[PDB]
Amino acid sequence: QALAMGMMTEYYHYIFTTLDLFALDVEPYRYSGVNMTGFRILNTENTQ
Amino acid sequence: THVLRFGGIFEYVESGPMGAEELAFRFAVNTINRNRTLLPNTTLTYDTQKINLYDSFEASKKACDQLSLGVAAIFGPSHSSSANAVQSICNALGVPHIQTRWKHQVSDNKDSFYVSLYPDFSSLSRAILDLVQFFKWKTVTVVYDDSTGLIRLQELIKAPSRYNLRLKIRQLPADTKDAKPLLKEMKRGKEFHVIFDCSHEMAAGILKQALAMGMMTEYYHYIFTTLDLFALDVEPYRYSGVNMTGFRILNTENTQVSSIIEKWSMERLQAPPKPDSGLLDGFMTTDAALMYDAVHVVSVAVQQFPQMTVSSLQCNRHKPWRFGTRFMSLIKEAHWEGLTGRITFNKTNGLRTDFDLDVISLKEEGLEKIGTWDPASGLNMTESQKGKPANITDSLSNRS
Amino acid sequence: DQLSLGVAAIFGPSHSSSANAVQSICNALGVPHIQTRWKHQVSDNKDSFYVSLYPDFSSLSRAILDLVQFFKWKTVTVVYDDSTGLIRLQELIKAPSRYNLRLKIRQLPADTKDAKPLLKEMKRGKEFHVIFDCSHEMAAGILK
Amino acid sequence: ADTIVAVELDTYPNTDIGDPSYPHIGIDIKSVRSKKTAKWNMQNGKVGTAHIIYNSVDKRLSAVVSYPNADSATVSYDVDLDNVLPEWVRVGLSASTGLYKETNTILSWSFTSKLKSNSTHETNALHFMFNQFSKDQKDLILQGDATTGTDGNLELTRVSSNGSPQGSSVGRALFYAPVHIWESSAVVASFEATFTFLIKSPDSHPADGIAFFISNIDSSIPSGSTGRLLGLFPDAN
Ligand SMILES: *[C@@H]1O[C@H](CO)[C@@H](O[C@@H]2O[C@H](CO)[C@@H](O[C@@H]3O[C@H](CO[C@H]4O[C@H](CO)[C@@H](O)[C@H](O)[C@@H]4O[C@@H]4O[C@H](CO)[C@@H](O)[C@H](O)[C@H]4NC(C)=O)[C@@H](O)[C@H](O[C@H]4O[C@H](CO)[C@@H](O)[C@H](O)[C@@H]4O[C@@H]4O[C@H](CO)[C@@H](O)[C@H](O)[C@H]4NC(C)=O)[C@@H]3O)[C@H](O)[C@H]2NC(C)=O)[C@H](O)[C@H]1NC(C)=O
Ligand SMILES: *[C@@H]1O[C@H](CO)[C@@H](O[C@@H]2O[C@H](CO)[C@@H](O[C@@H]3O[C@H](CO[C@H]4O[C@H](CO)[C@@H](O)[C@H](O)[C@@H]4O)[C@@H](O)[C@H](O)[C@@H]3O)[C@H](O)[C@H]2NC(C)=O)[C@H](O)[C@H]1NC(C)=O
Ligand SMILES: *[C@@H]1O[C@H](CO)[C@@H](O[C@@H]2O[C@H](CO)[C@@H](O[C@@H]3O[C@H](CO[C@H]4O[C@H](CO)[C@@H](O)[C@H](O)[C@@H]4O)[C@@H](O)[C@H](O)[C@@H]3O)[C@H](O)[C@H]2NC(C)=O)[C@H](O)[C@H]1NC(C)=O
Ligand SMILES: *[C@@H]1O[C@H](CO)[C@@H](O[C@@H]2O[C@H](CO)[C@@H](O[C@@H]3O[C@H](CO)[C@@H](O)[C@H](O)[C@@H]3O)[C@H](O)[C@H]2NC(C)=O)[C@H](O)[C@H]1NC(C)=O
Ligand SMILES: *[C@@H]1O[C@H](CO)[C@@H](O[C@@H]2O[C@H](CO)[C@@H](O[C@@H]3O[C@H](CO)[C@@H](O)[C@H](O)[C@@H]3O)[C@H](O)[C@H]2NC(C)=O)[C@H](O)[C@H]1NC(C)=O
Ligand SMILES: *[C@@H]1O[C@H](CO)[C@@H](O[C@@H]2O[C@H](CO)[C@@H](O)[C@H](O)[C@H]2NC(C)=O)[C@H](O)[C@H]1NC(C)=O
Ligand SMILES: [Ca+2]
Ligand SMILES: [Zn+2]
């Protein structure tokens, strides 16, 4: 609903307070210009 | 009672249903065939042949294969390569050629026997050039799709010399539909006022790539030079902020017209335009709307000349078809309110030059008419716009 | 007539309307079609039984683009002849986007040789860096 | 737009803007759409004799043109020169062509105004008789692309392309000094002219007509006038 209102552009920046931002399909928004900063506690870099 | 066979050359779909132009020809025959009020004694039958549409030799066979069997008018292919061929078959043996899609007429091609019911891009390019002055642009970027598009918008390229709009002509990448590198350059280049020159399929696929690059916002404005902008599913873009202004010749406001599109969508039963396309489901494309008018404008001409019979013209030992001199006049002196407004030709070259654009645009309720263009007049806009107060009785500074 | 009599190479009916006929004839029955003047290659015209010995304007329009970078112009002016002539200059019209040019494109009026309407306006706009696209007959007619 | 009243000796029919189907003498009141016209014979390269008066004892603005052994085209239209044309003017000649060529050689020109200092008491004049247009005639304010000299001729075309005078050419021949008209000392200013032209046959349907105007004291070529606008009008209205 923020995409269809033309509101995810180069001069917006969204902070999500979810600890699950990694599970968002960000494929429609990767080239958009939008800044989406969040936090993740799930330590995915460890191979175990 | 009296027989009257029309020709027909269309694209060869090998597995699916036939093309939108071919179904529109089969429809417009059957509509006139079941109504006696227009043309009491005609028994209009078709000779629709199919070519690969990119072969000027194959188009010359199926032109002669129809004309040896006997036709009255050949409704032509939709390419630039095949139409230049079949026109010279039609000019040689006599029968008129009825074009429904734009062709580069070579300026030194001395031909009678052709009319082009597609609205000619010389007169359309005034309507774009009038429209950019209404919005008072100075930073216009033309984006076309193939090298023929410089011919089509040539009256738009030829006008930083008279006016002050600064053109920055670009091209969509071929051998792909991924114009991500193009729209990176245009966004970085601060290009906020864009004129595409696309077919409505590629004008739909350019917007999903413009949406995913965050480029359809409140400070962009796109002019599409398609006459089929109405068939774009604009549902993802209606709330966006984007301005999408275009032209439409398809006179959908008339109920006699709008009944036909309603009758069109039911009788197709074709392959579904899946949501990866971006188009709406059942409409008449403006390529297929003109082929509906192609039958009627000739059907007006066969009404005024009832003595007309069909001969067996063979291409090798060719002679002019003796009715072909007379019958070409009644096509050119003809007027008919079809789906795309009135069809009036030009007494010189048979290009359709006087026509009726309805200028539509994008507001938050869908595509919406904001005026009307005409060649004789200018932009009759400010039909959706109302206001312009201009209260100059202010500022109180100093009398003297 | 010539294919029925039997030839090896049809040497170029040398115009854009007349070439597209004989090219697709030669693609059909097989013999090589030796084009000797530039025509418009349609992008979806899947043919290859032809060669075209005129130097392509995909290369030439970069060469005129090389000179306007070498002479460092910024107020270039194209004067062409036919509506086909914008295809001859693809890369030249497409490059104020990539550089700082200000292409102001003008057309000679057809069926005449009077540049007296045109050159009156080109002197008016202070255009001194003209890029013509005439033939060699219509080159000297404008130079006079 | 400058206020201007002219006598078009139009050698080309302009049916789009009100000129008749025949070439014609005309008359203009701020309009290329003529008040009154009449048929003019328009012979080939021959000579000249035109004559224009306006006597406010009869207030008829008349104009006649006659070749030798030809007739006379009286095209007299009553118009009130009180309000249609300013106090001070700058009369002269105007000629043009476009897309068809013609020669517009003027070879002699006169003028004679007489306006009422006090009707009997010795009215003013501006009589001149330019039979000998020189190479450096410095009492003409010849505008546009008008040429002169090289003979006794006033060539109001870019000429000497073997007399094929380089089509879409235009050249005006304004006289140097102003004339008092409006009313103010009322308007009996019986201005005369004699306007011996030469229009050579170019074998090309000779066309676009010579004029004789009474303009504003400031004037130039209006916005391009090579053609139907005949050398002195901005618009077709
Ligand atoms: C339909 O498609 C059309 C495309 O063909 C297009 O119409 C075109 O519109 C333009 C204007 O936008 C128009 O130009 C005007 O038309 C005059 C006549 O056309 C002449 O000349 C043009 C070039 O200008 C040629 O293209 C024509 O083929 C034709 O040329 C012929 O060839 C000889 C060669 O020597 C000429 O001398 C002859 O004139 C002609 N022979 C014939 C017809 O047998 C053109 O002349 C107009 O110029 C006018 O203004 C000039 C200003 O100085 C004058 O000097 C000049 O003489 C013209 O005045 C008129 O001249 C006419 C003949 O030339 C006469 O009728 C009158 O004497 C005179 N006064 C009038 C009419 O009041 C001007 O440039 C194109 O000609 C026209 N194409 C045509 C008609 O084929 C339309 O946009 C499309 N749509 C519609 C809705 O029509
Ligand atoms: C969210 O905000 C961020 C700014 O706070 C944006 O960061 C930008 O991210 C891009 C990557 O998309 C960076 O580009 C990188 O540049 C470095 C080095 O810069 C040089 O690289 C390019 C080639 O890409 C070269 O052509 C130039 O000469 C540069 O000098 C590269 O090492 C990287 O691989 C990557 O290319 C930007 O530098 C960066 N900062 C900006 C634009 O100020 C981020 O993209 C935002 N999210 C969006 C817009 O969706
Ligand atoms: C493309 O450009 C158009 C202008 O060039 C945009 O139109 C603007 O957008 C709004 C909302 O869509 C339109 O509002 C409609 O106007 C009428 C009457 O005017 C009302 O406008 C004022 C504000 O100017 C508002 O406060 C009042 O309530 C008035 O009632 C209403 O009847 C409609 O319901 C609707 O409100 C305007 O016409 C226009 N506004 C401006 C400031 O230009 C168009 O939306 C653009 N497309 C986008 C952004 O996607
Ligand atoms: C066979 O075709 C004819 C030709 O169109 C049909 O007759 C006429 O059709 C038109 C179009 O619907 C009717 O025109 C109407 O005009 C009025 C006033 O001008 C206005 O309300 C609309 O603009 C409307 O278009 C016209 O009445 C009608 N004439 C009749 C019925 O006599 C005819 O109906 C067709 N045959 C069949 C069986 O449908
Ligand atoms: C742009 O389109 C509009 C819409 O048609 C044009 O306005 C129309 O102008 C005509 C002029 O004859 C109006 O007709 C007459 O107006 C009176 C006013 O009451 C009416 O009673 C009659 O219908 C009469 O025929 C017509 O009403 C009017 N339509 C409107 C205002 O909606 C306008 O002229 C066009 N502009 C152009 C072509 O430049
Ligand atoms: C077809 O043939 C006859 C020929 O006379 C038709 O008669 C006329 O046909 C014209 C054109 O079709 C109509 O405009 C007239 O109104 C017809 N007049 C009459 C009296 O019919 C007739 O319509 C047709 N007959 C048949 C049997 O199909
Ligand atoms: Ca005139
Ligand atoms: Zn006149």
# chains A, B, ... in the order shown; residues from 1 in each chain; ligands from 1
>>> residues_around(residues="stretch 361-371 of chain B", least_positions_apart="2", cutoff="9 Å", atoms="only C-alpha atoms", output="VMD selection string")
chain B and resid 229 to 230 234 to 235 237 to 247 357 to 359 373 379 to 385
>>> write_last_selection(atoms="N, CA and C atoms", output="mmCIF file, in the first residue's frame")
data_model
loop_
_atom_site.group_PDB
_atom_site.id
_atom_site.type_symbol
_atom_site.label_atom_id
_atom_site.label_comp_id
_atom_site.auth_asym_id
_atom_site.auth_seq_id
_atom_site.Cartn_x
_atom_site.Cartn_y
_atom_site.Cartn_z
ATOM 1 N N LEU B 229 -4.133 3.431 -24.836
ATOM 2 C CA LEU B 229 -3.724 3.556 -23.441
ATOM 3 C C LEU B 229 -4.808 3.049 -22.499
ATOM 4 N N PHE B 230 -6.062 3.068 -22.950
ATOM 5 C CA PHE B 230 -7.219 2.646 -22.171
ATOM 6 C C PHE B 230 -7.165 1.167 -21.795
ATOM 7 N N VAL B 234 -4.373 0.019 -14.901
ATOM 8 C CA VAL B 234 -3.732 1.169 -14.279
ATOM 9 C C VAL B 234 -3.995 1.110 -12.776
ATOM 10 N N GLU B 235 -4.651 0.035 -12.337
ATOM 11 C CA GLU B 235 -4.940 -0.270 -10.935
ATOM 12 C C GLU B 235 -3.731 -0.213 -9.992
ATOM 13 N N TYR B 237 -1.349 1.864 -10.316
ATOM 14 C CA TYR B 237 -0.764 3.190 -10.458
ATOM 15 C C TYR B 237 -1.730 4.323 -10.169
ATOM 16 N N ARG B 238 -2.981 4.031 -9.826
ATOM 17 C CA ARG B 238 -4.025 5.038 -9.696
ATOM 18 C C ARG B 238 -3.801 5.924 -8.478
ATOM 19 N N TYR B 239 -3.263 5.355 -7.404
ATOM 20 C CA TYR B 239 -3.071 6.111 -6.175
ATOM 21 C C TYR B 239 -1.652 6.639 -6.077
ATOM 22 N N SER B 240 -0.850 6.378 -7.087
ATOM 23 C CA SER B 240 0.597 6.529 -7.001
ATOM 24 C C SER B 240 1.054 7.972 -6.946
ATOM 25 N N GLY B 241 0.389 8.865 -7.656
ATOM 26 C CA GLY B 241 0.889 10.214 -7.757
ATOM 27 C C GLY B 241 1.313 10.522 -9.174
ATOM 28 N N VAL B 242 1.382 9.491 -10.006
ATOM 29 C CA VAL B 242 1.963 9.619 -11.333
ATOM 30 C C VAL B 242 0.940 10.244 -12.273
ATOM 31 N N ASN B 243 1.416 11.055 -13.208
ATOM 32 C CA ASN B 243 0.589 11.617 -14.266
ATOM 33 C C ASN B 243 0.839 10.871 -15.568
ATOM 34 N N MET B 244 -0.219 10.277 -16.109
ATOM 35 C CA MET B 244 -0.179 9.474 -17.326
ATOM 36 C C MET B 244 -1.193 10.057 -18.293
ATOM 37 N N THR B 245 -0.727 10.906 -19.201
ATOM 38 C CA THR B 245 -1.628 11.532 -20.157
ATOM 39 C C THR B 245 -1.486 10.836 -21.502
ATOM 40 N N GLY B 246 -2.589 10.580 -22.189
ATOM 41 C CA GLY B 246 -2.512 9.911 -23.469
ATOM 42 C C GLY B 246 -3.663 10.327 -24.351
ATOM 43 N N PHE B 247 -3.731 9.681 -25.509
ATOM 44 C CA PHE B 247 -4.789 9.944 -26.467
ATOM 45 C C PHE B 247 -5.572 8.667 -26.740
ATOM 46 N N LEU B 357 -9.241 12.840 -31.716
ATOM 47 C CA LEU B 357 -8.676 12.342 -30.469
ATOM 48 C C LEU B 357 -9.421 12.885 -29.260
ATOM 49 N N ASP B 358 -9.676 11.984 -28.321
ATOM 50 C CA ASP B 358 -10.086 12.318 -26.975
ATOM 51 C C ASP B 358 -8.882 12.182 -26.057
ATOM 52 N N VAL B 359 -8.455 13.291 -25.461
ATOM 53 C CA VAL B 359 -7.265 13.223 -24.619
ATOM 54 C C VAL B 359 -7.643 12.761 -23.215
ATOM 55 N N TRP B 373 -9.017 16.761 -28.849
ATOM 56 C CA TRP B 373 -8.126 17.349 -29.844
ATOM 57 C C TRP B 373 -8.802 17.248 -31.206
ATOM 58 N N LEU B 379 -6.115 22.063 -28.957
ATOM 59 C CA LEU B 379 -6.532 21.337 -27.760
ATOM 60 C C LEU B 379 -7.719 22.057 -27.145
ATOM 61 N N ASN B 380 -8.890 21.445 -27.249
ATOM 62 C CA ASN B 380 -10.050 21.931 -26.514
ATOM 63 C C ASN B 380 -10.069 21.393 -25.088
ATOM 64 N N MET B 381 -9.074 21.757 -24.287
ATOM 65 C CA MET B 381 -8.965 21.255 -22.926
ATOM 66 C C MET B 381 -9.702 22.180 -21.970
ATOM 67 N N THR B 382 -9.413 22.037 -20.668
ATOM 68 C CA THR B 382 -10.047 22.732 -19.546
ATOM 69 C C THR B 382 -11.525 22.332 -19.575
ATOM 70 N N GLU B 383 -11.763 21.046 -19.828
ATOM 71 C CA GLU B 383 -13.103 20.480 -19.770
ATOM 72 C C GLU B 383 -13.250 19.738 -18.451
ATOM 73 N N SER B 384 -12.144 19.181 -17.962
ATOM 74 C CA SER B 384 -12.090 18.643 -16.611
ATOM 75 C C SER B 384 -11.574 19.722 -15.669
ATOM 76 N N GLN B 385 -10.653 20.547 -16.159
ATOM 77 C CA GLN B 385 -10.160 21.676 -15.384
ATOM 78 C C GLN B 385 -11.230 22.758 -15.283
#
>>> closest_atom_pairs(of="chain D", to="chain C", cutoff="12 Å", atoms="only C-alpha atoms", output="tab-separated table")
residue	atom	partner	partner_atom	distance
D:98	CA	C:117	CA	10.1
D:99	CA	C:114	CA	9.0
D:100	CA	C:114	CA	11.6
D:158	CA	C:116	CA	11.7
D:166	CA	C:116	CA	9.0
D:167	CA	C:114	CA	8.4
D:168	CA	C:116	CA	7.4
D:169	CA	C:116	CA	8.9
D:170	CA	C:116	CA	11.9
D:223	CA	C:121	CA	11.8
D:224	CA	C:117	CA	9.9
D:225	CA	C:117	CA	11.4
D:226	CA	C:117	CA	9.2
D:227	CA	C:117	CA	11.5
>>> write_last_selection(atoms="C-alpha atoms", output="PDB file, in the first residue's frame")
ATOM      1  CA  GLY D  98       7.067  33.734 -53.102  1.00  0.00           C
ATOM      2  CA  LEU D  99       7.263  30.174 -54.531  1.00  0.00           C
ATOM      3  CA  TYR D 100       6.638  31.795 -57.937  1.00  0.00           C
ATOM      4  CA  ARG D 158      16.799  40.191 -55.286  1.00  0.00           C
ATOM      5  CA  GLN D 166      15.267  34.547 -56.719  1.00  0.00           C
ATOM      6  CA  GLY D 167      11.833  33.587 -55.363  1.00  0.00           C
ATOM      7  CA  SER D 168      10.571  34.358 -51.861  1.00  0.00           C
ATOM      8  CA  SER D 169      12.207  37.770 -52.171  1.00  0.00           C
ATOM      9  CA  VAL D 170      10.760  40.973 -50.719  1.00  0.00           C
ATOM     10  CA  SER D 223       7.233  38.852 -39.427  1.00  0.00           C
ATOM     11  CA  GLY D 224       8.134  37.424 -42.815  1.00  0.00           C
ATOM     12  CA  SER D 225       6.113  38.559 -45.811  1.00  0.00           C
ATOM     13  CA  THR D 226       7.505  36.534 -48.702  1.00  0.00           C
ATOM     14  CA  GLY D 227       4.186  35.590 -50.183  1.00  0.00           C
TER      15      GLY D 227
END
>>> interface_residues(of="chain A", to="chain B", cutoff="7 Å", atoms="only C-alpha atoms", output="ChimeraX atom specification")
/A:4-6,8-9,28-29,31-33
>>> residues_near_ligand(ligand="ligand 4", cutoff="8 Å", atoms="only C-alpha atoms and all ligand atoms", output="PyMOL selection string")
chain B and resi 32+34-38+254-256
>>> select_by_dssp(residues="chain A", states="strand (DSSP E)", output="list in words")
residues 13, 14, 15, 16, 35, 36, 37 and 38 of chain A
>>> write_last_selection(atoms="C-alpha atoms", output="PDB file, in the first residue's frame")
ATOM      1  CA  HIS A  13      13.510   5.947   4.995  1.00  0.00           C
ATOM      2  CA  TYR A  14      11.628   3.341   7.024  1.00  0.00           C
ATOM      3  CA  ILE A  15      12.802   1.803  10.284  1.00  0.00           C
ATOM      4  CA  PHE A  16      11.034  -1.442  11.104  1.00  0.00           C
ATOM      5  CA  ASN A  35      15.744   2.925   2.417  1.00  0.00           C
ATOM      6  CA  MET A  36      14.538   0.109   4.691  1.00  0.00           C
ATOM      7  CA  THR A  37      16.676  -0.199   7.802  1.00  0.00           C
ATOM      8  CA  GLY A  38      15.880  -2.799  10.445  1.00  0.00           C
TER       9      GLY A  38
END
>>> interface_residues(of="chain B", to="chain C", cutoff="10 Å", atoms="only C-alpha atoms", output="ChimeraX atom specification")
/B:53-60,79-82,84-86,88,104-109,141-143,146-152,154-162,166-171,174-175,185-186,189
>>> residues_near_ligand(ligand="ligand 7", cutoff="12 Å", atoms="only C-alpha atoms and all ligand atoms", output="ChimeraX atom specification")
/D:6-28,31-34,37,95-98,207-211,225-233,235-237
>>> write_last_selection(atoms="C-alpha atoms", output="compact mmCIF listing (two decimals), in the first residue's frame")
# COMPACT_ATOMS: atom_id res chain seq x y z
CA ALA D 6 -2.09 50.11 -49.56
CA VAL D 7 -3.03 49.59 -53.19
CA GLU D 8 -2.20 45.98 -54.04
CA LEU D 9 -1.42 45.45 -57.70
CA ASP D 10 -1.72 41.77 -56.93
CA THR D 11 -0.38 39.55 -59.70
CA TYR D 12 -1.47 36.34 -57.99
CA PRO D 13 -4.92 35.07 -56.96
CA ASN D 14 -5.06 34.36 -53.23
CA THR D 15 -8.42 32.70 -52.72
CA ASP D 16 -7.67 31.71 -49.12
CA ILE D 17 -7.45 35.34 -48.01
CA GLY D 18 -10.08 37.07 -50.13
CA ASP D 19 -8.18 37.98 -53.26
CA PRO D 20 -10.34 37.11 -56.29
CA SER D 21 -9.75 34.40 -58.88
CA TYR D 22 -8.26 36.89 -61.27
CA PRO D 23 -5.13 39.02 -60.76
CA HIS D 24 -6.30 42.39 -59.63
CA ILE D 25 -5.73 45.95 -58.55
CA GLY D 26 -6.91 46.29 -54.96
CA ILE D 27 -7.17 48.61 -51.98
CA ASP D 28 -6.43 47.99 -48.31
CA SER D 31 -6.30 44.40 -44.21
CA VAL D 32 -4.96 42.12 -46.90
CA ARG D 33 -8.64 41.25 -47.31
CA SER D 34 -9.37 44.02 -49.79
CA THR D 37 -11.00 44.97 -56.31
CA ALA D 95 6.86 44.43 -53.65
CA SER D 96 7.44 40.76 -52.97
CA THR D 97 7.27 37.27 -54.40
CA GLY D 98 7.07 33.73 -53.10
CA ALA D 207 3.30 36.35 -59.16
CA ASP D 208 2.97 38.05 -56.10
CA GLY D 209 2.04 41.66 -56.88
CA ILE D 210 3.46 45.12 -56.17
CA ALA D 211 1.97 47.52 -53.63
CA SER D 225 6.11 38.56 -45.81
CA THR D 226 7.51 36.53 -48.70
CA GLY D 227 4.19 35.59 -50.18
CA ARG D 228 0.49 36.19 -49.60
CA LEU D 229 1.15 38.95 -47.09
CA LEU D 230 2.54 40.89 -50.05
CA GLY D 231 5.34 42.68 -48.26
CA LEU D 232 3.62 44.76 -45.63
CA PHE D 233 1.13 42.78 -43.53
CA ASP D 235 -1.26 38.61 -40.52
CA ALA D 236 -3.86 37.63 -43.13
CA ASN D 237 -6.38 39.89 -41.38
>>> residues_around(residues="residue A:42", least_positions_apart="2", cutoff="9 Å", atoms="only C-alpha atoms", output="PyMOL selection string")
chain A and resi 19-20+40+44-45
>>> select_by_dssp(residues="stretch 104-319 of chain B", states="helix (DSSP H, G or I)", output="ChimeraX atom specification")
/B:121-134,149-152,154-157,180-188,200-211,229-231,255-268,286-303
>>> residues_around(residues="residue B:273", least_positions_apart="2", cutoff="12 Å", atoms="only C-alpha atoms", output="PyMOL selection string")
chain B and resi 201+231-233+269-271+275-283
>>> residues_near_ligand(ligand="ligand 6", cutoff="8 Å", atoms="only C-alpha atoms and all ligand atoms", output="ChimeraX atom specification")
/B:1-2,39-42,306
>>> closest_residue(among="B:6, B:327, B:220, B:345", to="ligand 1", atoms="only C-alpha atoms and all ligand atoms")
B:345
>>> atom_distance(atom1="atom 57 (O, counted along the ligand's line) of ligand 1", atom2="atom CA of residue D:102")
12.1 Å
>>> atom_distance(atom1="atom CA of residue D:153", atom2="atom CA of residue D:176")
17.9 Å
>>> atom_distance(atom1="atom 43 (C, counted along the ligand's line) of ligand 1", atom2="atom CA of residue B:330")
21.5 Å
>>> closest_atom_pairs(of="chain B", to="ligand 1", cutoff="7 Å", atoms="only C-alpha atoms and all ligand atoms", output="CSV")
residue,atom,partner,partner_atom_place_in_ligand_line,distance
B:346,CA,ligand 1,1 (C),4.9
B:347,CA,ligand 1,1 (C),6.6
B:348,CA,ligand 1,82 (O),5.1
B:349,CA,ligand 1,2 (O),6.1
B:353,CA,ligand 1,86 (N),5.3
B:354,CA,ligand 1,88 (C),5.7
>>> write_last_selection(atoms="N, CA, C and O atoms", output="tab-separated table (two decimals), in the first residue's frame")
chain	number	residue	atom	x	y	z
B	346	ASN	N	-8.18	11.97	-47.37
B	346	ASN	CA	-7.53	13.16	-47.90
B	346	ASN	C	-7.45	13.00	-49.41
B	346	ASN	O	-7.15	11.92	-49.91
B	347	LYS	N	-7.74	14.08	-50.14
B	347	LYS	CA	-7.96	14.03	-51.58
B	347	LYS	C	-6.66	13.77	-52.34
B	347	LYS	O	-6.67	13.31	-53.48
B	348	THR	N	-5.55	14.05	-51.68
B	348	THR	CA	-4.19	13.69	-52.08
B	348	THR	C	-4.00	12.23	-51.61
B	348	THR	O	-4.93	11.43	-51.75
B	349	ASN	N	-2.78	11.83	-51.25
B	349	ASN	CA	-2.49	10.59	-50.54
B	349	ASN	C	-3.53	10.17	-49.50
B	349	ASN	O	-4.01	10.98	-48.71
B	353	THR	N	-6.17	11.99	-42.03
B	353	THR	CA	-5.53	13.19	-41.52
B	353	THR	C	-6.46	14.00	-40.63
B	353	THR	O	-6.01	14.60	-39.65
B	354	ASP	N	-7.76	14.01	-40.93
B	354	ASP	CA	-8.75	14.67	-40.09
B	354	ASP	C	-9.46	13.57	-39.29
B	354	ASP	O	-10.07	12.66	-39.85
